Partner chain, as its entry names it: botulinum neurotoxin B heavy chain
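Given next, in structure tokens, is a single chain: the form deposited without the partner chain.
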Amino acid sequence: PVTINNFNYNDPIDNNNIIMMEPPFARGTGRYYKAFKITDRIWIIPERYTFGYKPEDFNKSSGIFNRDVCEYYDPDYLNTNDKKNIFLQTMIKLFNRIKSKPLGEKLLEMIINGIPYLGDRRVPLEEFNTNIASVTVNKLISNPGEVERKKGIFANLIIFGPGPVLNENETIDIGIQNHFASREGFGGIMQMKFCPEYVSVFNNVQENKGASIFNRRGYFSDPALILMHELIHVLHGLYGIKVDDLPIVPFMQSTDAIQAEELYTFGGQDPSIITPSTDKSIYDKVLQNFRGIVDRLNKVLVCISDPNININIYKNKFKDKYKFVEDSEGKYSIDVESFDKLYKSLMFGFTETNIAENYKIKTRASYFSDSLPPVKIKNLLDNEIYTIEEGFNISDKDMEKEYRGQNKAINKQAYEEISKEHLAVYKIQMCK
């Protein structure tokens, strides 16, 4: 069972749930940020994602005429201790919403149990190595005003605040010399840029299909589903199955090329436009990568960075993670049936579509959908607007039927239009 911890931003450092941790991309460079353990292996650093970005990238465009309504900027987001607390409490509420039903509970469990392999492709077949950015992150164990002393701890996911564009949530993996452990069967510490308030809007759905122009319905997204979408990428990245650069050329609304990774993650009727050949090659690549992991497990003898780590305990943890089988002599191998079940679970089981169906959340029909302007949700921490159990679609307020709590024309008090330009663009899109 998954426990979702509680803390406030101003709560003191305890070297358990609240620490100073050095993120993966900042490894070796003694910069530590206040990190909060929301569940085992999952941390939240309520700061803006600045990796590979300059401070000027965070600024808004020079004026209204050159603004892009599809891309929202605000350099003042997360600038105070109180804004960093609002972020943490919103994340705890969203995580509590994810575990409120069986599907999301298992998603969090699969993420937690999906520990990165103790190594990558550079590591010898006979060794486990924890001294890399994709397996461990440094924790500051010394008090302020003392010479910095560290300890490497295991982690699976680190969620940060947004990068320059607030409404563009993204899950990132670690690359070493254009090779990602998260795409090679190993798995690796995943990172995310997340923003709960600025959500996506759509009008693609099963309705509107032939319906009158005035009777066209436009809805806003639930921040929990948006988070669950990104957590599926984390899952693929933790099990070493993230599909690398593979664009797919095409109900549906857009004909534009999209990544294979994004299609499987969205799910529903999306994996159907993928040629049976491409679909089979993605499956075969995962098998070949898992075959590499099993060969390593059969050859691993020592842990180079941690000669204390018990080889048998970790081999067993990896046997459970990848659902490998063992013979009478201890030798591991792949069982096609258990592999098929795990594969179908990671790629087709945990999708945005059936998470949306199970949670009564409204989402778009296809990923091949038009980008509508984002909207800002004023307060997610108010139960009169948003709940852990039901979302925006609250039963008492008659928002549970026809997903009316997500309908922009109906639940006008749950959100606010970012600008007059955003509304003007939305009105043209709703009535083409």
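Positions refer to the first chain, counted from 1. For clarity, a rigid core is taken as the largest C-alpha set superposing within 1.5 Å between two forms.
Unmodelled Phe65 in at least one third of other entries with both flanks present: Affirmative; at least a third of those entries omit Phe65.
Deposited-sequence gap flanked by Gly330 and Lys331: Per the record, no deposited residues are absent between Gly330 and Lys331.
Given 142 to 150 and 186 to 194, the range whose Cα B-factors average higher in the PDB entry: Per the PDB entry, the higher value belongs to 142 to 150.
Of 234 to 242 and 305 to 313, the stretch whose C-alpha atoms average the higher B-factor in the entry: The entry gives the higher C-alpha B-factor average to 305 to 313.
Most elevated Cα B-factor in the entry, residues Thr130, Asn169, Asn113, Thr255: Top of the list by C-alpha B-factor: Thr255.
Top Cα B factor in the deposited entry, candidates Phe36, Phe368, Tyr49, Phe58: Of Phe36, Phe368, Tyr49, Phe58, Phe368 has the highest C-alpha B-factor.
Chain third (lowest, middle, highest) by recorded CA B-factor, residue given as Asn215: It belongs to the highest third of the chain when residues are ordered by C-alpha B-factor.
Ranked against its chain, the third holding the CA B-factor of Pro247: Its C-alpha B-factor, which the entry lists for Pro247, ranks in the highest third among residues of this chain.
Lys401 - Cα temperature factor, lowest/middle/highest third of chain: It falls in the top third of the chain.
Position of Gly104 among the chain's modelled residues by C-alpha B-factor, lowest, middle or highest third: Within its chain, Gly104 is a middle-third residue by C-alpha B-factor, going by the deposited values.
Chain third (lowest, middle, highest) by recorded CA B-factor, residue given as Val375: It falls in the bottom third of the chain.
The form solved in complex with the partner chain is left out here; the points below concern that form.
Whether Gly28, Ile176 and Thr275 all lie within 4.5 angstroms of the partner chain in the bound PDB entry by heavy atom: Checked in the bound PDB entry: all three residues contact the partner chain.
The partner chain contact in the bound PDB entry: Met430, any heavy atom under 4.5 Å: Looking in the bound PDB entry, residue contacts with the partner chain include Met430, since a heavy atom lies within 4.5 Å.
Touches the partner chain in the bound PDB entry: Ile361 (any heavy atom, 4.5 Å): No, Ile361 is distant from the partner.
4.5 Å heavy atom contact, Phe368 and the partner chain in the bound PDB entry: Answer yes; at least one heavy atom of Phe368 falls within 4.5 Å of the partner chain in the bound PDB entry.
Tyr426: touches the partner chain in the bound PDB entry, heavy atom cutoff 4.5 angstroms: Yes, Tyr426 is a contact residue.
Position in contact with the partner chain when the complex is considered in the bound PDB entry, options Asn289, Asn354, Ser100, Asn85, heavy atoms within 4.5 Å: By the 4.5 Å criterion, the partner-contacting residue is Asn354.
Residue among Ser254, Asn298, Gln89, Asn96 with a heavy atom within 4.5 Å of the partner chain in the bound PDB entry: Filtering the options by heavy-atom distance leaves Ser254.
Region of this chain that lies against the partner chain in the bound PDB entry, out of 325 to 333, 289 to 297, 310 to 318, 222 to 230 [heavy atom, 4.5 Å]: Checking each option against the 4.5 Å cut-off leaves 310 to 318.
Partner contacts for 232 to 252, taking the partner chain in the bound PDB entry and a 4.5 Å heavy atom cut-off: Stretch hits, in order: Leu246, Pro247, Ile248, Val249, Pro250, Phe251, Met252.
Rigid-core-referenced C-alpha movement of 2 Å or more between the shown form and the other one, selected from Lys37, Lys34, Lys397, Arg67: The answer here is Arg67.
Core-superposed comparison between the shown form and the other one, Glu337 Cα displacement 2 Å or beyond: It does not, since the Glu337 C-alpha is displaced less than 2 Å between the shown form and the other one after the core fit.
Core superposition between the shown form and the other one, C-alpha change of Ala424 at least 2 Å: Yes, its C-alpha moves 2 Å or more.
Did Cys303 shift 2 Å or more between the shown form and the other one, C-alpha, core superposed: Stays below the 2 Å threshold, so no.
Change in CA distance between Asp68 and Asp74 in the bound PDB entry, which is 3 Å or more, as closer or farther: Residues separate in the bound PDB entry, at least 3 Å farther apart.
Cα-Cα shift for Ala257 and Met190, closer or farther in the bound PDB entry, minimum 3 Å: Closer in the bound PDB entry, by 3 Å or more.
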